[PDB]
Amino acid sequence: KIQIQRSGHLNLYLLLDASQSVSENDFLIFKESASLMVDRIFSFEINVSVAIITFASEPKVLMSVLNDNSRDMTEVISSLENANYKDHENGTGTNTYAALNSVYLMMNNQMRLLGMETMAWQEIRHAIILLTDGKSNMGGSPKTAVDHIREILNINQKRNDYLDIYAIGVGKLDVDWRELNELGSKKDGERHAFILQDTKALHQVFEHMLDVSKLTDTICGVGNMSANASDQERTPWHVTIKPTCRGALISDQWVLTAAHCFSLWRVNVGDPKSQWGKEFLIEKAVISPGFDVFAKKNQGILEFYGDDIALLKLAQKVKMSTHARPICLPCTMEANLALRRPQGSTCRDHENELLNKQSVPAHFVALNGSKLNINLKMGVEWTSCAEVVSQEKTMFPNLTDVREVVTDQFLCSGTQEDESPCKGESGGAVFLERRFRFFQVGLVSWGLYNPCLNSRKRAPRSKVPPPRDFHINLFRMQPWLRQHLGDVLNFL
């Protein structure tokens, strides 16, 4: 596997077959796949260098781990996007040996400049990925280059982890499966050779080529994008609150949730040992003191969710893992770096960054742990989304203005095909995904139809009022968030 961890350095070598057996179209699906792996590899904030080599009769180095810019993702993506298939128009053979001996020489060059004795050289782990139909036809057996590489890297039983070779045939084209399989590493328990139909199938496979198990620092908003990973792996900030409500780990001790959900309190966090999770006690609970559901009741608004926000300090720290991680909060320095945004960004800038469109795809997690889909409505579409509460005359018998219930404190979704949260889904993250990282923009507070009242009913199209969903917007809650968390999290 390609290991995602804080110790050491990762050199990733991306080898793109531009031989005569591949069209400029095959070649573009290689570039598209390599691009994705780069963006995914740069999502974890680890020390990584990317080499980019296209190859046919001979190898062409577009980017080298010896160059500083190989640690810079913009330089990498651009070195990659300036790859022309036609640069190999004069030697269209498939010389796999020479492509790998190209990586061998880069490694020899690097060891030379660093010194084979230094930790600079020796802590580097190396992953080669060839994107090819695998039909070598010149240059000799690539095994000669793989063995030179195993030798310079002093790969022994104790150093198996320092080298992975992948051979991946991605797209329409006819693939030699024996060449691929003979290319990739031979490690017990894992595959290094794949035949995949598009870049979407690469996305999923790439998730399982990564080993993130020893990534246990507090990095926020990191998750599993595999359809085959568990629900918790996909959303590890997600916690269960038994006062049922949901919540989100925002740190290694603190959990964000809804006030309306509230010694006997339990919080179930993710745990890699069990789908069952792990139970924690609360040490301290901070409930916004503006929250009071019946505050407008005597005046005809029978439930009011203004300031529906609460924080839980767990009684012990969570150990971070594939199953327990904070989500990123906007307006923190950590969110800033995950978004790759300029350093002096403001909270207004994060809001613009994350919620710029009039309809923003977002998610909340189901009772069963499934990730469900919503579209957050912004600007003039926020008004129309929110308007429908005038249909709801039992809860809101005396509503003069929409804003007496749906204030500026709420996000709005639940229109058209959106899912709608259920009652026990309250307090959980309303989140989104951007550059493979996860940001909490709101928390489930209330709405007009409860689908669960595993199984969700869809409202009848004739039901009044229609489903509609209102989430406490975290960009509206910064004073209170800062007041309780200024020493817990690093606010812009």
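Just count from 1 along the sequence shown to find any residue number.
The entry shows a gap from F262 to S263, with 4 to 9 unmodelled residues of the deposited sequence in between. In this entry, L453 and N454 are separated by 4 to 9 residues of the deposited sequence that lack coordinates. For the segment pair 119-127 and 231-239, the entry gives 119-127 the higher mean B-factor, averaged over Cα atoms. The stretch 171-179 shows the higher mean C-alpha B-factor when 171-179 is compared against 363-371 in the entry.
The residue among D68, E58, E425, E45 whose C-alpha carries the highest B-factor in the deposited model is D68.
By the numbers in the PDB entry, the CA B factor is greatest at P289 among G270, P326, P289, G139. Annotation for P465: CA B-factor lies in the highest third of the chain's modelled residues. The PDB entry assigns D39 a C-alpha temperature factor belonging to the middle third of its chain's modelled residues.
For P397, the recorded CA temperature factor ranks within the middle third of the chain's modelled residues.
Per the PDB record, residue ranking by Cα B-factor puts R266 in the highest third of the chain. For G189, the recorded CA temperature factor ranks within the highest third of the chain's modelled residues.
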